[PDB]
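S.K.: Have a look at the structure that comes next, please.
There are 6 protein chains.
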Amino acid sequence: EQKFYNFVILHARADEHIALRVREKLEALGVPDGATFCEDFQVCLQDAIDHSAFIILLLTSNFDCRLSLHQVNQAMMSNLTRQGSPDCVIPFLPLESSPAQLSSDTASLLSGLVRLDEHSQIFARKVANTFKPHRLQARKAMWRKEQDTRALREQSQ
Amino acid sequence: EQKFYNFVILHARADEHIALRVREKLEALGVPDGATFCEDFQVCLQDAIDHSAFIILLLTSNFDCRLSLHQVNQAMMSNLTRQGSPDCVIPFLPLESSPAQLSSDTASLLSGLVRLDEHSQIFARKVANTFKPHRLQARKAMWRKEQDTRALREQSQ
Amino acid sequence: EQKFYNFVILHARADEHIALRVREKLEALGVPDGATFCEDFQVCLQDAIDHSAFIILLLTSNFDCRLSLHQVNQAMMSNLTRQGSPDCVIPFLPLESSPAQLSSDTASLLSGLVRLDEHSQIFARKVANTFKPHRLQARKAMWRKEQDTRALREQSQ
Amino acid sequence: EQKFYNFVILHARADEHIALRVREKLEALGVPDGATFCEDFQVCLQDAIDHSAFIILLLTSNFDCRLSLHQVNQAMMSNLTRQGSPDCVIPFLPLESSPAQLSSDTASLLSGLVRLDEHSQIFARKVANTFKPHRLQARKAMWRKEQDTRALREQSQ
Amino acid sequence: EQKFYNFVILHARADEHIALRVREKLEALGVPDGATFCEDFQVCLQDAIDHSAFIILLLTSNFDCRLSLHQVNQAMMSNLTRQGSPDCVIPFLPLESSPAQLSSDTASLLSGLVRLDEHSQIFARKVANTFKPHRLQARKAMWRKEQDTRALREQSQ
Amino acid sequence: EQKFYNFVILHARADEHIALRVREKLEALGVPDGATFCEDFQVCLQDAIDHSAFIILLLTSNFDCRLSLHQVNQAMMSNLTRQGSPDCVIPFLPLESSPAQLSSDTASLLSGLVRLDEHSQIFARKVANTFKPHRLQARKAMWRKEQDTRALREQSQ
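Taken in order, these protein sequences are the chains called U, S, C, Y, R and A. Quick note, the first sequence lines up with residues 391 to 433, 441 to 554 if you use UniProt numbering. Quick note, the second sequence lines up with residues 391 to 433, 441 to 554 if you use UniProt numbering. Quick note, the third sequence lines up with residues 391 to 433, 441 to 554 if you use UniProt numbering. Quick note, the fourth sequence lines up with residues 391 to 433, 441 to 554 if you use UniProt numbering. Quick note, the fifth sequence lines up with residues 391 to 433, 441 to 554 if you use UniProt numbering. Quick note, the sixth sequence lines up with residues 391 to 433, 441 to 554 if you use UniProt numbering.
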C-alpha cells in the first residue's frame, strides 16, 4: 500500500544531512508525517510529486545544478495541472545558504513566491500558518480520491 | 475557513520588528483582531487586501521601494473599486520615521489623507475615533456578504 | 545568440489565433519586433520574462485558469525585483472579451493599472504614448547590459 | 451615527495646544458639546463644516498659511450658500496672538465681522450673547433636518 | 524626457468625448499645449498632477463617483503643499451638465472657487484672464526648476 | 503684474448684462479703466477691493441676498480701515431697479450716502463731479505705494 507524506524536501546528493536536520526541526514544530527525497522515495520524482501534499524546495549551494531546475519545473507544472491547492510548493532557506547566494536559475523560478527562512525569527508562525490542518486534511482527501481513481484505472486493465 | 482581520500593516522585509511593535501597541488600545503583512498572510497581496477592513500603510525609511508604491496603488484602486468605506487606508508614522524623512513617492501618494503619528499626543483619541465600532461591524458584514458571494461563485463552477 | 523582443502577449493554449491577430494589429501601428508567448519562446516562462521589454497580459475568457494567475504573479514580482521600468506590464482587452466578463483573479491582480482596450477609440494614441521610443531604447540598453553581465557570469564558471 | 458639535476651532498643525486650551476655557463658560479641528474630525474639512453650528476661526501666527485662507473661504461660501444663520463664523483672538500681528490675508477676510478676544474683559458677556441657546437649538434642528434629507438621498440610491 | 502640459482635464472613463471636445474648444481660444487625463498620462494621477500647470475639474453627471472626490482632494492638497500658484484648479461646467445637477460631494469641494461655464457668454474673457501668459511662464519656470531638483535627487542615488 | 481699475461694480450672478451696460454707459461719459466684478476679477472679493479706487454698489432686485450684504460690509470696513478717501463707495440705481424697491438690508447699509440714479437728469454732472481727476490720481498714487509696500513684504519672506 502507498502512504501519503505531509511534506517533501527535494535536495541533491550531498545535502541529506541538512535535509534530515530540517525535517526533524519541522517534526519538532508539530507537523507530522515528514519526508525527505532521498529517504522514503528513492528505493521517479513524479512518484514523490503525486504522493506529497506540500513540496519543499530547499535552496542551497549544491541545488544550482539544472537537475534541480528540472525538478522545480516538473513540480510547478504538475501543481498547476493538478486540481486545487495553488500554493503547495514552499521554498526553504536554511542557515548554511545565505539569502544572497541563491542560485540564479532556481531562485529565479522561485522569485514570485513566499520564502521560508530560519534567519527570520517568525519561523514558528510561518510554519503554523502555512500548514493549516484544515487545508492539509482537504489535501489528504484529494490525494485519497485521486488514488482511488488510480486504483479504478488499474483494475480496468 | 477564512478569518477576517480588523487591520493590516503592510511593511517591507526588514520592518517586522516595528510592525509587531505597533500591532501590539494597537492591541493595548482596545482594537481586537490585529494583523501584520508578514505574519498571517504570507504563507498574493490582494489576498490580504480583500480580507482586511482598514489598511495601515506604515511609512518608514525602508518603505520607499517602489514595491511599496505598487502595494499602495493596488490598495487604493481596490478600495475605490469596492463598494462603501471611502477611508479604510490609514497611513501611519512611527517614532523611528521622522515626518521630514517620508519617502517622496509613497508620501506623495498619501498627501491628501489623514496621517497617524505617535509623535502627536492625541493618539488615543485618534485611534478611538478612527476605529468606530459601528462602522467596523458594517465593514465586517460587508466582507461576510462578499465572501458569501465568492462562495456562491465557487459553487457555481 | 538571444534576440530581444519588443513586447510579449502571454496567453493560454486555445488563444493563439487572437494572440497573433493582436500582434499583427500592433505591428500595423508602428511597433517593431513583436512576439507572442506560443510562437518564439515555447520551443520556461522566465525565459520570456527576462528577454522582453513590455509584457502584455491579454485578458480573455480562457485566461482565468490559475496558471495564468501564476504567470501574472511571477511577471509582476520579477518586474518589481528588476531595476527600473515600473510599468512594463500592459494589460489588454480584445473585442472577444467584454469588460464585464474579466476573470475575478486575473482582473483583481490588474485592478490598479491602465487597461488597453480596442473598444475605446483612442487606441492609436494609447499605443503611441505607452510605447515611447526613448524609454524603449533605454529598456533595450538595460537588457543588453544585463545579458552582458549574464555572459560574464557564464564565463566565470 | 453622526454627532452634532456645538462649535469648531479650525487651526494649523502646531496649534493644538492652544486649540484645546481655548476649547476647555469655553467649556468652563457653559457652552456644551465642544470640538476642535484636529480632535474629532481628522480620523475632508467640509465634513466638519456641515456638522458644526458655529465655526471658530482662531487667528494666530501659524494661521497665515494660505491653506487656512482656503479653509476660511470654503467656510464662508458654504455658510452663505446654506440657509439661515448669517453669523456662524466667529473669529477668535487668543493671548498668544497680538491684535497687531494678525495675518494680512486671513485678517482681511475677517475685517468686516466681530472679533472675539480674551484681551477684552467683556469675554463672559461676549460668549453669553453670541451663543444664545434659542438660536443654537434652531441650528440643531436645521442640521437634524438636513441630515434627514441626506439620509433620504442615501436611501434613494 | 518629460513634457510640461498647459492644462489638464480630469474626467471619468465614459467622459473622453466631451473631454477632448472641451480641449479642442480651448485650443481654438489660443491656449497651447493642451492635455486630457485619459490621453497623454494613462499609459498614477500624481504623475499628471506634478506635470501640469492649471488643473481643470470638469464637473458632470459621471464625475460624482468618489474616485473623482479622491482626485479632487489629492489635487487640492498637493496644490496647497506646493509653493506658489494658489489658484491652479479651475472647475469647469460644460453644456451637458446643468448647474443644478452638480454632484453633492464634488461640487461641495468646489463651492468656494470660480466656476467656468460655457452657459455664460463671457467665456472668451474668462479664459483670456484666467490663463494670463506671464503667470503661465512663471509656472513653467517653477515646474522646470522643480524637475531640475528631481533630476538632482535621482542623480544622488 | 497687477493692473489698477478705476471703478468696480459688484453684482450678483444674474446681473452681468446690466453690469456691463452700466460700465459701457460710464465709459461713454469719459471715465477710463472700467471694471465689473464678474469680468476681470473672478478667474476673493478682497482681491477686487484692494485693487479698485471707487467701489460701485449696484442696488437691484437680485442684490438683496445677504452675500451682497457681506460684500457691502467688507467693502465699507476695509474703506474705513484704509487711509484716506472717505467716499470711495458710490451706490448706483439703474433703470430696472425702482427707488421704492430697494432691498431693506442693502439699502439700509447705504442710507447715509449719496445715491447715483439714471432716473435723475443730472447724471452727467454727478459722474463729472464724483470722479474728479485729481483725487483719482491721488488714489492711483496711494494704491501704487501700497502695492510697493506689499511687494516689499513679499520680498521680505
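Beta carbons: idealized from backbone N, C-alpha and C, even for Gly.
If the cut-off is 7 angstroms on Cβ atoms, which residues from the segment 473–486 of chain C count as contacting chain S, listed in chain order?
M.R.: Within the segment 473–486 of chain C, the qualifying residues are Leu477, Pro483.
S.K.: Where does S:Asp545 land, buried or exposed, given buried means 16+ other C-beta within 10 angstroms?
M.R.: Locating residue 545 of chain S in the second sequence gives position 148, counting from the first residue. Label assigned to S:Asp545: exposed.
S.K.: Alpha carbon to alpha carbon, how far is Y:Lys523 from Y:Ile487? Give it in angstroms, no decimals.
M.R.: As a position in the fourth sequence, residue 487 of chain Y is number 90, starting the count at 1. As a position in the fourth sequence, residue 523 of chain Y is number 126, starting the count at 1. Rounded to the nearest angstrom, the two C-alpha atoms are 11 angstroms apart.
S.K.: If you scan the segment 459–535 of chain A from start to end, which runs of the beta strand (DSSP E) of 3 or more residues do you find wholly inside it?
M.R.: With a minimum length of 3 residues, the continuous beta strand (DSSP E) runs that stay inside the segment 459–535 of chain A are 487–490.
S.K.: Mind checking which residues open and close the alpha helix (DSSP H) that includes Y:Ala450?
M.R.: In the fourth sequence, counting from the first residue as 1, residue 450 of chain Y sits at position 53. Where Y:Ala450 is concerned, there is no enclosing alpha helix (DSSP H), although the beta strand (DSSP E) it sits in stretches over 449–455.
S.K.: Given a cut-off of 7 angstroms on the beta-carbon distance, is the pair A:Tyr395 and A:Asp447 in contact?
M.R.: Numbered from its first residue, the sixth sequence carries residue 395 of chain A at position 5. Numbered from its first residue, the sixth sequence carries residue 447 of chain A at position 50. No, they are not a contact pair.
S.K.: 7 angstroms is my cut-off, CB to CB: does A:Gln392 come that close to chain R?
M.R.: Against the sixth sequence, residue 392 of chain A aligns to sequence position 2. Answer no: the Cβ-Cβ gap between A:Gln392 and chain R never drops below 7 angstroms.
S.K.: A:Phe451 and A:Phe520 look like a contact to me (Cβ under 8 angstroms); what is the Cβ gap, rounded to whole Å?
M.R.: Residue 451 of chain A sits at position 54 when you count from the first residue of the sixth sequence. Residue 520 of chain A sits at position 123 when you count from the first residue of the sixth sequence. Rounded, the Cβ-Cβ distance is 16 angstroms, inconsistent with contact.
S.K.: Which of the three DSSP states, helix, strand or coil, is assigned to U:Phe427?
M.R.: As a working mapping, residue 427 of chain U is identified with position 37 in the first sequence. The answer is helix: DSSP assigns U:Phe427 an H, G or I state.
S.K.: Between R:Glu414 and chain C, is any beta-carbon pair separated by less than 7 angstroms?
M.R.: On the fifth sequence, position 24 is the one that residue 414 of chain R refers to. Chain C, which has no Cβ nearer than 7 angstroms to the Cβ of R:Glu414, makes this no.
S.K.: Quick one: is S:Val421 near chain Y, going by C-beta distance under 7 angstroms?
M.R.: Looking up residue 421 of chain S in the second sequence gives position 31. By this cut-off, S:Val421 is not an interface position.
S.K.: Determine the chain Y residues that contact S:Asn526 at a beta-carbon separation under 7 angstroms, and present them in chain order.
M.R.: Your numbering for residue 526 of chain S matches position 129 in the second sequence. Chain Y residues near S:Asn526: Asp430, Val433.
S.K.: Are the C-beta of C:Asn396 and some C-beta of chain U separated by less than 7 angstroms?
M.R.: As a working mapping, residue 396 of chain C is identified with position 6 in the third sequence. Not one chain U Cβ lies under 7 angstroms of C:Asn396.
S.K.: Are A:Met474 and Y:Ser505 closer than 7 angstroms when you measure CB to CB?
M.R.: Within the sixth sequence, numbered from 1, the residue matching residue 474 of chain A stands at position 77. Within the fourth sequence, numbered from 1, the residue matching residue 505 of chain Y stands at position 108. No, the pair does not count as a contact, with Cβ atoms beyond the cut-off.
S.K.: Going along the chain, which residues of its own chain have a beta-carbon closer than 7 angstroms to the beta-carbon of A:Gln554, five neighbours each way excluded?
M.R.: Mapped onto the sixth sequence, residue 554 of chain A falls at position 157. Same-chain partners within the cutoff: there are none.
S.K.: Check whether chain A comes within 7 angstroms of Y:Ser505, counting only Cβ atoms and requiring the distance to be less than that.
M.R.: Residue numbering aside, residue 505 of chain Y sits at position 108 when the fourth sequence is read from its first letter. Y:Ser505 counts as touching chain A.
S.K.: Name the DSSP beta bridge partners of C:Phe397, please?
M.R.: The residue given as residue 397 of chain C occupies position 7 in the third sequence. Bridge partners of C:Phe397: C:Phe451.
S.K.: So if I threshold CB-CB distances at 7 angstroms, which residues from the segment 443–457 of chain S count as touching chain C?
M.R.: Within the segment 443–457 of chain S, the qualifying residues are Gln443.
S.K.: Please compile the residues from chain U whose C-beta is within a distance smaller than 9 angstroms of the C-beta of S:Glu406.
M.R.: Numbered from its first residue, the second sequence carries residue 406 of chain S at position 16. In chain order: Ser517, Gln518, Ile519.
S.K.: According to DSSP, is A:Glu414 helix, strand or coil?
M.R.: Translated into the one-based positions of the sixth sequence, residue 414 of chain A becomes position 24. If DSSP states are grouped into helix, strand and coil, A:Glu414 belongs with the helices.
S.K.: Identify which residue in R:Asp461, R:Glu429, R:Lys415 has its Cα closest to the Cα of R:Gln498.
M.R.: As a first step, residue 498 of chain R is located in the fifth sequence; it is residue number 101 there, counting from the start. If we check each option's Cα against that of R:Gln498, R:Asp461 comes out closest.
S.K.: Within a Cβ cutoff of 8 angstroms, which residues of the same chain sit near S:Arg463, ignoring the five residues on either side of it in sequence?
M.R.: Residue 463 of chain S sits at position 66 when you count from the first residue of the second sequence. So the qualifying residues of the chain are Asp502.
S.K.: Could you tell me the distance, in whole angstroms, from the CA atom of Y:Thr478 to the CA atom of Y:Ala472?
M.R.: Here residue 478 of chain Y corresponds to residue number 81 of the fourth sequence, with the count starting at 1. Here residue 472 of chain Y corresponds to residue number 75 of the fourth sequence, with the count starting at 1. Rounded to whole angstroms, Y:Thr478 to Y:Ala472 spans 10 angstroms at the Cα level.
S.K.: Please work out which residues of its chain come closer than 6 angstroms, Cβ to Cβ, to C:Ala425, disregarding the five sequence neighbours upstream and downstream, and give them in chain order.
M.R.: Locating residue 425 of chain C in the third sequence gives position 35, where the first residue counts as 1. Cβ within range, chain order: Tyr395, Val398.
S.K.: Using C-beta distances below 7 angstroms, list every residue in its chain close to R:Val469, excluding the 5 sequence neighbours before and after it, in chain order.
M.R.: Taking the fifth sequence and counting its residues from 1, one reaches residue 469 of chain R at position 72. These residues qualify, in order along the chain: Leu454, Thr503, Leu506.
S.K.: If we ignore side chains and look at the alpha-carbon of each, how far apart do R:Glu417 and R:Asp484 end up?
M.R.: Here residue 417 of chain R refers to the residue found at position 27 of the fifth sequence. Here residue 484 of chain R refers to the residue found at position 87 of the fifth sequence. Taking the straight line from one Cα to the other gives about 21 angstroms.
S.K.: Please state whether DSSP places U:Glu391 in a helix, a strand or coil.
M.R.: Locating residue 391 of chain U in the first sequence gives position 1, counting from the first residue. Three-state result, U:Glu391: coil.
S.K.: How would you list, in chain order, the residues of chain Y whose beta-carbon sits under 9 angstroms from the beta-carbon of S:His531?
M.R.: In the second sequence, the residue the question calls residue 531 of chain S occupies position 134. In chain order: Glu391.
S.K.: Quick one: what does DSSP say S:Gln554 is sitting in, helix, strand or coil?
M.R.: Working through the second sequence from its first residue, we reach residue 554 of chain S at position 157. In this structure, S:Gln554 counts as coil in the three-state DSSP scheme.
S.K.: If C:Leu490 and C:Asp514 are in contact, beta carbons under 8 angstroms, what's the gap, nearest whole angstrom?
M.R.: In the third sequence, the residue the question calls residue 490 of chain C occupies position 93. In the third sequence, the residue the question calls residue 514 of chain C occupies position 117. Between C:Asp514 and C:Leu490 the Cβ distance is about 4 angstroms, and since that is below 8 angstroms, they are a contact.
S.K.: Hey, would you say A:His401 sits closer than 7 angstroms to A:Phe427, going by beta carbons?
M.R.: Against the sixth sequence, residue 401 of chain A aligns to sequence position 11. Against the sixth sequence, residue 427 of chain A aligns to sequence position 37. The answer is yes: Cβ separation under 7 angstroms.
S.K.: Given a threshold of 16 other Cβ atoms within 10 Å of its Cβ, counted over all protein chains shown, does S:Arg541 qualify as buried or as exposed?
M.R.: One-based indexing of the second sequence puts residue 541 of chain S at position 144. So S:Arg541 counts as exposed.
S.K.: Taking all protein chains shown into account, do 16 or more other C-beta atoms lie within 10 angstroms of the C-beta of Y:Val412, making it buried, or fewer, making it exposed?
M.R.: As a first step, residue 412 of chain Y must be located in the fourth sequence, where it is residue number 22. Per the 10 Å Cβ criterion, buried.
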